[PDB]
Structure formats: C-alpha cells, structure tokens
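J.:
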Amino acid sequence: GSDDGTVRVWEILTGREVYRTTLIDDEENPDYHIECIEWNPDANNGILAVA
Amino acid sequence: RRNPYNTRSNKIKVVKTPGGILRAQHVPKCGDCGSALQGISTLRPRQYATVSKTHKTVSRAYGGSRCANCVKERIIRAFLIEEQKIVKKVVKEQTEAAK
Amino acid sequence: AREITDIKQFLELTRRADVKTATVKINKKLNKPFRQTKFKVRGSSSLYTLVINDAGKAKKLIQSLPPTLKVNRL
Amino acid sequence: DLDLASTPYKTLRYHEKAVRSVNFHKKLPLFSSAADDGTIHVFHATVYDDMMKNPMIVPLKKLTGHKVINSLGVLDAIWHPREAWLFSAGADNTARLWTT
Amino acid sequence: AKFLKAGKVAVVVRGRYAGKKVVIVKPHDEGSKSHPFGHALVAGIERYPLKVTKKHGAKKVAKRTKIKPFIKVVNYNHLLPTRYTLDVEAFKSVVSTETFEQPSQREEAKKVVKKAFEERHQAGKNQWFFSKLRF
RNA sequence: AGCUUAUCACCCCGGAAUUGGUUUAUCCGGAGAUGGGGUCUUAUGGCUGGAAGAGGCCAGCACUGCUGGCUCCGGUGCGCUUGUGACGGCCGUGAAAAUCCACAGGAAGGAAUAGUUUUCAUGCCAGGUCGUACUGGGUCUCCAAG
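Residue numbers (the authors' numbering), protein chains in the order written: chain A, 455 to 505; chain B, 9 to 35, 42 to 113; chain C, 2 to 32, 36 to 78; chain D, 708 to 807; chain E, 2 to 136.
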C-alpha cells in the first residue's frame with residue numbers, strides 16, 4: 455500500500471504485479487491516503503483489509 | 009489522645025477494626047486570579063518536598079503559579095505596552111522634528 | 002505490603018541470598037473450586053507477595069527456589 | 708519481558724534515525740528492526756518457554772540497500788510466515804524482499 | 002485586508018511556548034483533514050540566545066549563541082500576530098505540512114531551522130526577533 | 001502500597017434572540033449558551049497485597065493442647081452522628097509566625113583510559129530528654145442502641 459491510492463500485490467518469488475486496486479480517485483489528495491493494509495491471518499478466506 | 013476537647017483539629021473518625029470492635033482513629043492556588051491550579055496534586059505543603067517536579071509543575075511558563083489564562087492576558091498586555099511605547103517614541107520624534 | 006505479578010522479579014528477590022526465610026500460603030476459592041496459593045518474600049523496604057493460581061506454576065516456582073533459602077509453610 | 712519487570716529487559720540504541728518498526732518472526736527464533744536511516748538489522752532471539760533463564764538476543768547481520776529519502780527509510784518490514792525471509796518497504800517507491 | 006503572510010511574525014500563547022516569537026511559514030486558514038480548524042505552520046525559538054560580551058572566551062561565545070528552535074502547528078487563537086517580519090523562503094519548503102506528524106522528518110527540519118536562525122542572529126540582522134520578550 | 005474512579009473547573013469547534021440551559025433554593029449565555037469533541041484536581045468508593053496464618057461462631061478427644069468446618073451473598077431512609085463539593089445571602093471585608101512548597105531571572109559548570117546534573121528506583125546508618133500508674137451542691141470536656 456502506498457500514497458498513490460492504489461494497492462498492489464506482488465508475488466513473493468516472481469515479483470509480478472499480479473493484481474491492483476484503487477481506493478481513492480484523488481491520488482494527489484493530501485487530506486487522506488492509504489494508511490495500512492493487513493491480510494486476515496485465518497486461512498481459506500483470502501481477505502485483505504485496507505485502511 | 010491526651011486532648012479530650014472537640015477542637016476541629018482533633019476530630020475523630022469511626023473505623024471498624026478487624027477484631028470486630030469499633031475503635032477511634034485520628035484523621042495550590044493561582045497567584046493572580048486565585049483559582050486552583052490544574053494538574054497539581056492537592057497534598058499537604060510539607061509533603062511536596064519529596065514529590066517529583068513533574069507532578070508539582072506543569073510544562074509551561076508560570077505553570078506552577080498560574081492557570082495559563084492570566085498568563086495569556088499578561089503576555090498580551092506586555093506586547094501592547096511595548097507597541098504603545100514604540101508609538102510614544104514615534105510621537106516624541108515627531109514632536110522633536112519641530113523643536 | 003506490596004503485590005507483584007512479575008515471576009522473574011520474585012525469583013531474583015529470592016536469588017538475592019540476603020533473605021533468611023520465605024513463606025508460601027495455600028488458599029481455597031471458587032469461581036469450580038481452585039487451590040489458590042501465594043508466594044511471599046521479605047524485602048528491605050517492603051514485603052513482596054506473588055499471587056499464583058495454577059498448581060503447576062506454584063510447583064515450578066517452588067522448584068526454582070534455591071536450596072539456600074528456607075521455606076516455612078503457611 | 709512480561710515476567711521480568713515493568714522496565715525493559717534490555718535497551719538497544721544503535722540506529723542513526725527513528726526506529727520505524729520491529730517485527731518478530733512467526734516461526735523461527737529471529738526478529739529484525741526497521742529505521743528511517745535505510746538500514747535493516749536482524750537479531751537472533753531465543754525465548755525459553757518455561758525455563759527460568761533470560762532470553763539470549765544477539766545481532767546477526769547489518770542489511771543495506773534501502774535509500775534514505777526525505778529523512779525517511781524502511782517504512783515497514785514483514786517476515787515470511789515460514790522462511791527466514793524479510794520483506795521491506797521504503798519511501799523510495801520501491802518495496803524489496805530479502806533472502807539468505 | 003488580510004494580515005497573515007508567510008513572513009508575518011506571531012507569538013505563541015500556550016503549549017509551553019507562551020510569549021515565544023514565531024514566524025508563520027505557511028498560512029493554512031482553510032485547514033485540512035487533520036487540523037480542520039484555521040491554523041498556520043510556524044517556527045520559533047525555545048531557548049533564547051544568551052548575552053555575549055567581549056570578556057567571554059571563544060568557546061563560551063559559541064555556547065552562548067546556541068539556539069534551540071521548535072516547529073509545530075498552532076491555532077490562531079493562541080497566536081498573537083505581530084507587524085514585524087522575517088525572511089521565510091530559506092526554509093518554507095522544509096517546514097511544509099508533510100514534514101510534521103512523521104519522524105525523523107522533523108529532525109532534519111529542526112536542524113535546518115537551527116542553522117538558519119544561528120546564521121541570521123549571529124553577525125546578522127533581525128535582532129528584535131532574536132530577543133526575549135519579557136512579559 | 002499497586003490499579004480504576006470527580007462534582008466543580010479548564011481548552012477547542014460551533015454562534016444563540018423563533019431567547020435556550022438549569023438548582024429544593026434562579027442565576028447564567030455574542031464578555032460566547034444549547035450542541036459536539038478533549039484535559040486534570042482523585043477527596044470518596046470498586047479490586048488486590050497486609051489477610052486469614054488474625055479474631056469470632058461450632059464440634060472430638062486429652063484430661064493438658066491438639067485436631068477439623070463457617071467466617072457468605074443482598075435490599076434500604078420522613079430514623080440519627082460525621083466528612084466532603086458547589087451554592088443563598090449577612091457586613092465583621094475579615095489572627096500571626098515557624099516550616100514547607102511554587103515561579104520572572106539566565107551568572108555559574110558540563111568531554112574523548114569514567115564531562116556535568118540525581119526532584120527516577122533501589123541498597124546503608126541514625127533520630128536525645130520530659131509524662132505515660134490510678135481517682136478525676138462544691139472546674140471543664142469526647143460516643144450516645146432498640
């Protein structure tokens with residue numbers, strides 16, 4: 455997660471930017487931005503929390 | 009104690025002793047506005063000799079004796095006095111420009 | 002008297018070697037009764053008491069006590 | 708240490724800038740610290756489950772490669788769930804992954 | 002007419018900086034998601050330089066001239082605007098909004114402000130600003 | 001001794017009067033209320049240590065103490081004593097000192113085989129003398145159950 459308003463997922467070994475998602479349309483907005491992201495520890499769900 | 013009188017300095021409280029019987033047991043203001051200073055423990059004056067300065071003093075100018083309300087007032091008053099003194103000096107210079 | 006939940010602090014206090022004796026107090030309580041126990045040592049400034057609920061923890065603490073420290077029961 | 712005392716068991720102060728984050732290893736007995744100076748350090752740490760012995764923590768290696776930008780360094784770092792690999796993130800708009 | 006500018010001088014009223022002169026580096030009357038209220042970025046001096054005399058040695062003179070600055074967002078309510086002004090383009094960018102709220106970005110800005118203030122005070126100008134307002 | 005805990009009071013946004021808030025008692029608000037968000041004064045209560053090993057209430061034997069249980073969970077004021085917090089006014093603006101604490105202040109001192117500061121925590125030593133028995137219509141005084 456970065457301040458560009460886009461969350462990117464990279465493979466651990468290949469390193470390819472397999473998937474992306476945009477959270478804030480105003481990437482340059484200084485009022486707020488992506489603060490933190492965390493994967494759900496529980497398996498079989500694949501839930502990514504994006505703050 | 010040896011004092012049997014009801015003087016307010018010798019008042020007594022009732023405490024239930026663990027033995028089941030009842031026994032007799034002996035029991042910061044602002045310098046400008048007079049209001050109690052916030053953040054300062056209301057302990058006995060003699061007990062402050064061991065408390066850390068952090069509890070006794072707040073992190074502010076005049077913190078240990080002012081509530082920060084009159085501090086602002088006196089700062090503003092000093093600034094206004096300085097500005098008027100500058101203005102008074104300007105007036106003096108203007109007057110001297112003619113004499 | 003003072004109460005501390007730091008097991009290693011209590012062990013260090015016992016390990017000081019400058020304490021003549023220690024005492025372990027057995028207690029009973031319920032929430036399903038349990039055998040609550042307490043560990044107490046004598047300090048220079050104040051008495052230190054440790055609260056222990058699990059029997060295994062009490063046994064481990066007793067084992068950890070150096071042999072040079074006497075443990076009077078109750 | 709949750710059993711030693713309220714104060715830290717040991718105090719470490721070596722980074723040239725603010726320590727942004729330190730993360731324990733989920734499985735292996737290792738942990739690493741992240742700081743704004745762009746340098747990552749990894750420390751081995753043994754944690755006795757029940758033995759009445761203090762933990763043994765020692766430094767292992769100084770990791771370099773991050774670029775300090777705007778007085779900032781490794782914003783975040785996470786260890787692999789099962790391997791001795793450490794992911795890293797920095798202000799240089801380039802995340803990194805570290806491997807033995 | 003507005004009287005708040007990047008060069009305007011103000012005095013902090015509260016926050017341990019009561020009666021401390023500060024320079025308004027960047028007015029932010031419109032606010033932001035953080036600090037929505039009307040506010041401006043300011044920089045100031047926490048420890049005023051001590052008096053210097055010829056009798057003092059070279060080592061003592063350097064210590065006396067040492068100044069410890071401070072930078073933080075403060076409300077207009079606790080700011081006392083002053084007619085005087087000082088140069089601000091030297092460090093306006095360094096003390097920008099993104100500098101605050103995240104170390105160690107504050108340390109470099111504080112060091113830059115300290116260097117600028119030391120250069121401007123010692124063998125410089127604006128002695129009035131680098132003076133202790135005795136209130 | 002360790003956690004938790006404040007009516008009042010203070011700070012920020014907000015700008016009321018189409019007049020709102022509220023005490024038993026009616027005073028307050030453009031000199032900033034209703035409303036929303038934060039601060040601490042911690043008296044006093046809640047939990048733990050001291051502490052059940054104490055006291056008390058029972059039970060058996062010795063025949064001179066030991067050996068075994070309970071010592072729990074609540075409700076309540078037209079009853080009474082006391083403390084605390086903000087109030088209503090009266091008119092006499094309202095004892096001193098010792099001791100302790102608080103701040104404007106920036107002279108003084110601070111470095112490379114141990115630079116300064118010790119209001120943080122622990123460890124160490126010491127604190128004399130005087131009275132302490134009883135009693136207490138003809139001196140004073142502290143508690144007053146149903």
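Where is the CB? At the ideal position from N, CA and C, for every residue including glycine.
What number of angstroms, rounded off, separates the C-alpha of residue 804 of chain D from the C-alpha of residue 40 of chain C?
T.: So the alpha carbons of these two residues sit roughly 50 Å apart.
J.: Within 8 Å (strictly less), CB to CB, does residue 466 of chain A reach chain D?
T.: Answer yes: the Cβ-Cβ gap between residue 466 of chain A and chain D drops below 8 Å somewhere.
J.: CB-CB under 8 Å to residue 122 of chain E, same chain, minus the five flanking residues each way: which ones, in chain order?
T.: Here the set comprises 50, 66, 68, 128, 131.
J.: Taking only beta-carbon positions, decide if residue 712 of chain D is within less than 8 Å of chain A.
T.: Not closer than 8 Å to any Cβ of chain A, the Cβ of residue 712 of chain D fails to qualify, so no.
J.: Check distances from the C-beta atoms of the stretch 740-767 of chain D to those of chain C and list, in chain order, the residues that come in under 9 Å.
T.: Those residues of the stretch 740-767 of chain D that come within reach of chain C (Cβ to Cβ, closer than 9 Å) are 757, 759, 761.
J.: Grouping DSSP H, G and I as helix and E and B as strand, with all else coil, what is residue 118 of chain E?
T.: Reduced to three states, the DSSP call for residue 118 of chain E is helix.
J.: Using a C-beta cutoff of 8 Å, does residue 791 of chain D count as contacting chain A?
T.: Cβ-Cβ to chain A under 8 Å: no for residue 791 of chain D.
J.: DSSP on residue 12 of chain B, reduced to helix/strand/coil?
T.: Three-state result, residue 12 of chain B: coil.
J.: Using a Cβ cut-off of 7 Å, which residues of the stretch 86-105 of chain E contact any Cβ in chain D, in chain order?
T.: Against chain D - using a Cβ distance shorter than 7 Å - the residues of the stretch 86-105 of chain E are 104, 105.
J.: Return the CA-CA distance between residue 26 of chain C and residue 710 of chain D, expressed in angstroms with no decimal places.
T.: Near 21 Å, if we compare the C-alpha coordinates of residue 710 of chain D and residue 26 of chain C.
J.: If you count every other CB in all the chains shown that lies within 10 Å of the CB of residue 41 of chain E, and 16 or more means buried, which is it?
T.: Buried, since its Cβ has 16 or more Cβ neighbours within 10 Å.
J.: Less than 8 Å between the beta carbons of residue 86 of chain B and residue 78 of chain B, yes or no?
T.: No, Cβ-Cβ distance for residue 86 of chain B and residue 78 of chain B is not below 8 Å.
J.: Using a Cβ cut-off of 8 Å (strictly closer), state whether residue 6 of chain E contacts chain A.
T.: So, not an interface residue.
J.: Run down chain E in chain order and give the residues with a C-beta less than 7 Å from the C-beta of residue 724 of chain D.
T.: Within chain E, the residues near residue 724 of chain D are 105.
J.: So, do the stretch 47-60 of chain C and the stretch 718-726 of chain D have three or more beta carbon pairs nearer to each other than 8 Å?
T.: These segments do not touch.
J.: Could you give the first and the last residue of the continuous alpha helix (DSSP H) run that contains residue 83 of chain B?
T.: Counting along the chain, the alpha helix (DSSP H) containing residue 83 of chain B begins and ends at 83-110.
J.: Under 8 Å between the Cβ atoms of residue 747 of chain D and residue 784 of chain D?
T.: Contact: yes.
J.: Distance, Cα to Cα, residue 22 of chain C vs residue 65 of chain C?
T.: Looking at the two C-alpha atoms, the distance is approximately 15 Å.
J.: Examine chain E for any beta-carbon lying closer than 8 Å to the beta-carbon of residue 777 of chain D, and answer yes or no.
T.: It does; some Cβ of chain E falls within 8 Å.
J.: Could you say which of B/75, B/14, B/17, B/52 lies nearest to residue 136 of chain E if we only look at CA atoms?
T.: The shortest Cα separation from residue 136 of chain E among B/75, B/14, B/17, B/52 belongs to B/75.
J.: If you measure from the beta carbon of residue 27 of chain E to each beta carbon in chain A, is any gap under 8 Å?
T.: Taking Cβ atoms only, chain A never reaches closer than 8 Å to residue 27 of chain E, which makes this a no.
J.: Using three-state DSSP, classify residue 76 of chain C as helix, strand or coil.
T.: Note: residue 76 of chain C maps to strand in three-state DSSP.
J.: Could you check whether residue 90 of chain B and residue 87 of chain E sit closer than 8 Å to each other, using their CB atoms as the reference points?
T.: No.
J.: Looking at the structure shown, is residue 789 of chain D part of a helix, part of a strand, or coil, going by DSSP?
T.: Correct three-state label for residue 789 of chain D: coil.
J.: Going by the beta-carbon positions, is the gap between residue 481 of chain A and residue 459 of chain A smaller than 8 Å?
T.: Yes, the Cβ-Cβ distance between residue 481 of chain A and residue 459 of chain A is below 8 Å.
J.: Three-state secondary structure (DSSP) at residue 28 of chain E?
T.: Correct three-state label for residue 28 of chain E: strand.
J.: Taking the straight line between their C-alpha atoms, what separation do you get for residue 501 of chain A and residue 491 of chain A?
T.: When rounded, the distance between both Cα atoms is 11 Å.
J.: Just to check my reading of the structure: residue 51 of chain C and residue 43 of chain C have Cβ atoms closer than 8 Å, yes? What is that Cβ distance to the nearest angstrom?
T.: With 8 Å as the limit, residue 51 of chain C and residue 43 of chain C do not qualify as a contact, their Cβ atoms being about 11 Å apart.
J.: Looking at the unbroken beta strand (DSSP E) that takes in residue 30 of chain B, where does it start and where does it end?
T.: Here the beta strand (DSSP E) through residue 30 of chain B covers 30-34.
J.: Taking 8 Å as the threshold (C-beta atoms), are residue 712 of chain D and residue 7 of chain C in contact?
T.: In this structure, residue 712 of chain D lies closer than 8 Å to residue 7 of chain C by Cβ.
J.: Using beta carbons (cut-off 8 Å, strictly below), is residue 784 of chain D in contact with chain A?
T.: No, because no Cβ of chain A sits closer than 8 Å to the Cβ of residue 784 of chain D.
J.: What would DSSP say about residue 76 of chain E, mapped onto helix, strand or coil?
T.: It is a strand residue.
J.: Mind listing the chain D neighbours of residue 7 of chain C? Cutoff is C-beta to C-beta under 8 Å, in chain order.
T.: Result: 710, 711, 712, 713.
J.: What are the residues of the stretch 9-28 of chain E that lie near chain B, defined by any Cβ-Cβ distance shorter than 9 Å?
T.: Correct list: 12, 14, 15, 16, 17, 18, 19, 20, 21.
J.: Counting beta carbon pairs with one atom in the stretch 87-104 of chain E and one in the stretch 25-38 of chain E, are three or more of them shorter than 8 Å?
T.: The stretch 25-38 of chain E vs the stretch 87-104 of chain E: in contact.
J.: I need the boundaries of the beta strand (DSSP E) containing residue 44 of chain C, first residue and last residue.
T.: Per DSSP, residue 44 of chain C belongs to the beta strand (DSSP E) from 41-45.
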